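Asker: These protein sequences, in sequence, are chains C and A. Those letters in the first sequence? Residues 23 to 277, 287 to 334, per PDB author numbering, in order. Those letters in the second sequence? Residues 23 to 277, 287 to 332, per PDB author numbering, in order. Each residue gets a CB set at the ideal place from its N, CA and C atoms; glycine is no exception.
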Amino acid sequence: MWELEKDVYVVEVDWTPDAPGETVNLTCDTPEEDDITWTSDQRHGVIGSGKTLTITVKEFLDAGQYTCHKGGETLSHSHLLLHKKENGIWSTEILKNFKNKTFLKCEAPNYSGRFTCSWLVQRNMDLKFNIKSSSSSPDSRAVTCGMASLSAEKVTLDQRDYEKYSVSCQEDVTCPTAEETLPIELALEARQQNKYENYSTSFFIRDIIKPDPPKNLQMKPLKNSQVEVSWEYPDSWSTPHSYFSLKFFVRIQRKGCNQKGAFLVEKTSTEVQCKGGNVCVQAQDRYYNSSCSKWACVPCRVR
Amino acid sequence: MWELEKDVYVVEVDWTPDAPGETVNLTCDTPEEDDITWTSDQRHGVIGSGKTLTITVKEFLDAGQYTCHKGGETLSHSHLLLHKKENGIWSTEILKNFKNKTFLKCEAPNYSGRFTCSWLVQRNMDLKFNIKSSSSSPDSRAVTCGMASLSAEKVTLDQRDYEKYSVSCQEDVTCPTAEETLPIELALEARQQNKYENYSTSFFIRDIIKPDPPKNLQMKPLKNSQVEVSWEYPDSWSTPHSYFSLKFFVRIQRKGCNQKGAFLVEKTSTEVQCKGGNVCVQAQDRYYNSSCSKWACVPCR
Ligand SMILES: *[C@@H]1O[C@H](CO)[C@@H](O[C@@H]2O[C@H](CO)[C@@H](O[C@@H]3O[C@H](CO)[C@@H](O)[C@H](O[C@H]4O[C@H](CO)[C@@H](O)[C@H](O)[C@@H]4O)[C@@H]3O)[C@H](O)[C@H]2NC(C)=O)[C@H](O)[C@H]1NC(C)=O
Ligand SMILES: *[C@@H]1O[C@H](CO)[C@@H](O[C@@H]2O[C@H](CO)[C@@H](O[C@@H]3O[C@H](CO)[C@@H](O)[C@H](O[C@H]4O[C@H](CO)[C@@H](O)[C@H](O)[C@@H]4O)[C@@H]3O)[C@H](O)[C@H]2NC(C)=O)[C@H](O)[C@H]1NC(C)=O
Ligand SMILES: [Cl-]
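#1: In chain C, which residues lie with their C-beta within 7 angstroms of the C-beta of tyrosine 265 of chain A?
#2: Could you please go through the chain and list the residues whose beta-carbon is closer than 7 angstroms to any non-hydrogen atom of ligand 2?
#3: Using a cut-off of 7 angstroms between C-beta atoms, extract the partners of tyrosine 318 of chain C located in chain A.
#4: For the region 69-141 of chain C, list the alpha helix (DSSP H) runs that are entirely contained and at least 4 residues long, ordered along the chain.
#5: Give me, in chain order, the residues of the same chain whose beta-carbon lies closer than 8 angstroms to that of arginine 317 of chain A; leave out the 5 immediate sequence neighbours on both sides.
#6: Relative to the alpha-carbon of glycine 72 of chain A, which residue among A:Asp57, A:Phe82 and A:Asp84 has its alpha-carbon at the smallest distance?
#7: Using a 10 Å radius around the Cβ and a threshold of 16 neighbouring Cβ atoms, would you call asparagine 146 of chain A buried or exposed?
#8: For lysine 92 of chain A, which option in A:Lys106, A:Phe225, A:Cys50 and A:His101 has the closest C-alpha, if you only look at C-alpha atoms?
#9: Hey, is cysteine 167 of chain A's beta-carbon within less than 8 angstroms of any beta-carbon in chain C?
#10: Rounded to whole angstroms, what's the CA-CA distance from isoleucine 111 of chain C to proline 235 of chain C? Just pull it up for me.
#11: Within this structure, are the beta carbons of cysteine 197 of chain A and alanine 200 of chain C separated by less than 8 angstroms?
#12: Could you name the residues of the region 194-216 of chain A whose beta carbon sits closer than 9 angstroms to any beta carbon of chain C, in the order they occur along the chain?
#13: Can you tell me the Cα-Cα spacing of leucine 103 of chain C and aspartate 229 of chain C, whole angstroms?
#14: Near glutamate 25 of chain C, what residues of its chain come up, given a Cβ to Cβ distance below 8 angstroms and the 5 sequence neighbours on each side ignored?
#15: Quick check on DSSP: helix, strand or coil for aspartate 36 of chain A?
#16: Does the beta-carbon distance from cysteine 331 of chain C to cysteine 311 of chain C come in below 8 angstroms?
#17: At 3 residues or longer, and completely inside the region 208-251 of chain A: list those beta strand (DSSP E) runs for me, N to C.
#18: Hey, would you say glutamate 219 of chain A sits closer than 8 angstroms to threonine 114 of chain A, going by beta carbons?
#19: For the beta strand (DSSP E) containing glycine 168 of chain C, list its first residue and its last residue.
#20: Cutting at 8 angstroms between CB atoms, please list the residues of its own chain near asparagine 122 of chain A, excluding the five before and the five after it.
#21: Could you spell out the range, first to last residue, of the beta strand (DSSP E) harbouring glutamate 185 of chain C?
#22: So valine 272 of chain A is in the beta strand (DSSP E); what residue range does that whole segment cover?
#23: Is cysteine 328 of chain A helix, strand or coil by DSSP?
#24: Could you check where the beta strand (DSSP E) with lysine 291 of chain C kicks off and where it finishes?
#25: Determine the extent of the beta strand (DSSP E) in which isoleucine 153 of chain A is found, giving its start and end residues.
#26: Tell me whether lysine 245 of chain C is buried or exposed, calling it buried when 16 or more other Cβ atoms sit within 10 Å of its Cβ.
#27: Could you tell me whether the region 85-99 of chain C touches the region 179-188 of chain C, using the rule of 3 or more Cβ pairs below 8 angstroms?
#28: Would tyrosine 88 of chain A and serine 260 of chain A qualify as a contact pair, given that the criterion is a beta-carbon distance under 8 angstroms?
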């Protein structure tokens, strides 16, 4: 086994039923060496006596909070977790994958080094989430990640509505304009009732840029039939715009980048003659095939 | 004196002839302490006996490779170098200065942090060159420089063709759009057979930008009198051009920025009426008074 934190350990178990479990020592962190007994949460009563308790673990019933006992008082506790491994493959049962089979969707609204990663859960009961840089060595990328959180947005797939947890992360060393030489390698420690699973992902910020919708969309009726649609760069997006230039796509509708026909405009305004419908605009990084922003739309209504 | 490398030292000497030299101890790095003798390259034969040889140094004859000798075998060697100082001024005699009176001409074809520094030599016989950041401390700029090398191109001044040594350098921390707050402070240690001289230079990359000539100059014959001359940014030049915008100067001739007449154009093409002669174009950084690129020319036909 291997330690995760104070009084918390993780047992690598081969789940194939023909293979035997792993025997593990649990020693009580106390000066005493007589009158030492153990009580598990999974099993009522005492299971073993002596300072060092050696137990075989193959099922979740052999996990949990093992707590010592002497003279009727608790001495020290130790919590165990299981990491399933079937045919030499680590379990991925806590999280729900996306259509693309990945578990960690990460997106960045600018080159500021800040980004956010989201994931889907199979169930929402007694979950603990931690995320940290998976390399943590010279020639790596220092990233500080805040706490995870449930997003109001539920994500629906083939029929089932899965819940989504997101987390905000910030890179420490940041020169926005610098070309990315080495990818950000992240890892997610996911824990449920006693099951331990971790996920990995390596990405460049440049490859996960998704700008925000253009701001202050204006629809100024100019000519009897024509209207000037205007907008501005999103306040979120990186400055200076002279370097971080977004190109925009204009569309007309009758009430990832999805391109079903649109006229390209790199300026922040365009005249259009629609006479009914809705004018919509999405933004994209000009010099890179980054994901496009969500459409911002105005109704076509002329004087 | 002060050490430069293993068994190589440098003596600061006041060259004025009325001032006395500097006495320096040279001890042989050997356990033995008897039968120790010294042989210099400057002087044939033995000069001193004993483990510690104390010698006065004022001329180059008092420099060179002092080598020990015991029982017919060499023990250890020590090489000395001189840094002349006349009227409290350090010598600058190895290098030849440029037209601008500076010794280290440094230029950058883009903002990539890469640049190259060149210098001229008075003579080319037994030269050793080293170049490094002259500050190399917090509040400095980390730069890694490769080896120097002689350029086939000779540079002629007044009648004399001086040879040119160049070196390629790369800054480690490079943040393109960030404004340069502190200059790159470089230094060049130059040695000729026994003379030690060092040179310094402090510059911003923004101040040494010299683009390359515009590429693919074309002459499209227009209708009735005009011809459209076109060109493109140099592949060397920094991307994205929307930020790094070059302005061009076009001129026509019938045969540092040197201007005997040229009209400014910021686009990559212009109509002109020359009918014989040559159309030429040079590039310059739009937002800064950087040095202009060399002229690219096509014959007007
Ligand atoms: C993702 O999951 C995998 C699989 O669960 C996980 O790999 C395992 O990580 C542990 C912890 O790093 C490894 O255990 C180590 O094993 C060696 C040799 O047996 C021991 O020497 C280590 O202990 C010493 O060093 C530690 C660190 O200095 C100390 O904490 C400790 O007190 C000892 O001094 C340690 O027990 C285990 O071998 C791997 N197994 C495999 C097959 O990969 C991976 O780390 C997880 N990653 C994340 C980001 O969650
Ligand atoms: C350009 O050339 C000039 C002139 O040669 C040069 O100035 C001199 O630099 C030397 C560098 O060694 C200075 O010498 C030091 O002097 C102090 C006090 O006397 C000593 O303590 C120093 O010795 C330490 O370092 C030695 C080598 O590691 C150790 O062996 C020793 O034990 C000490 O730790 C050292 O000798 C000298 O003082 C200056 N001159 C002046 C006027 O101050 C200049 O540095 C050169 N610049 C460049 C960019 O090349
Ligand atoms: Cl991703």
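Answerer: In short:
#1: Neighbourhood of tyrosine 265 of chain A in chain C, by CB distance below 7 angstroms: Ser264 and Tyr265, in chain order.
#2: Spelled out in chain order, the answer is A:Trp24, A:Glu25, A:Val32, A:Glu34, A:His105, A:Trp112, A:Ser156, A:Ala209, A:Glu211, A:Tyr218, A:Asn220 and A:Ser222.
#3: Residues of chain A passing the Cβ test: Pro262.
#4: For the region 69-141 of chain C, there is no continuous alpha helix (DSSP H) assignment of 4+ residues that stays within its boundaries.
#5: Excluding residues within five positions, the ones whose Cβ falls inside 8 angstroms are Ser267, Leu268, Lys269 and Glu297.
#6: Checked all of A:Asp57, A:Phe82 and A:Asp84; the closest Cα to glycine 72 of chain A is A:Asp57.
#7: Exposed is the call here.
#8: The candidate whose alpha carbon is nearest that of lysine 92 of chain A is A:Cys50.
#9: Closer than 8 angstroms: no.
#10: Pairing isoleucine 111 of chain C with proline 235 of chain C, the inter-Cα distance amounts to about 41 angstroms.
#11: Note that the C-beta distance between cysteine 197 of chain A and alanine 200 of chain C is below 8 angstroms.
#12: Interface annotation for the region 194-216 of chain A against chain C: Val195, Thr196, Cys197, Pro198, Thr199 and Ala200, criterion Cβ-Cβ distance under 9 angstroms.
#13: One C-alpha to the other measures close to 35 angstroms.
#14: Closer than 8 angstroms at Cβ, skipping near neighbours: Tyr31 and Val32.
#15: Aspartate 36 of chain A falls in the strand class under three-state DSSP.
#16: No, the Cβ-Cβ distance between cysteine 331 of chain C and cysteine 311 of chain C is not below 8 angstroms.
#17: Runs found: 217-225 and 237-243.
#18: Cβ atoms of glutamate 219 of chain A and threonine 114 of chain A: closer than 8 angstroms.
#19: Note, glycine 168 of chain C: beta strand (DSSP E), 165-172.
#20: Nothing listed; no residue qualifies.
#21: First-last of the beta strand (DSSP E) with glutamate 185 of chain C: 183-193.
#22: Where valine 272 of chain A is concerned, the enclosing beta strand (DSSP E) stretches over 268-275.
#23: The three-state secondary structure of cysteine 328 of chain A, taken from DSSP, is strand.
#24: Per DSSP, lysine 291 of chain C belongs to no beta strand (DSSP E) and is neither H nor E.
#25: For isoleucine 153 of chain A, the uninterrupted beta strand (DSSP E) segment begins and ends at 149-155.
#26: The residue in question, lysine 245 of chain C, is exposed, as its Cβ has fewer than 16 Cβ neighbours within 10 Å.
#27: Judged by pairs of C-beta atoms under 8 angstroms, the region 85-99 of chain C does not touch the region 179-188 of chain C, as fewer than three such pairs exist.
#28: Cβ distance not < 8 angstroms, so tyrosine 88 of chain A and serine 260 of chain A don't count as in contact.
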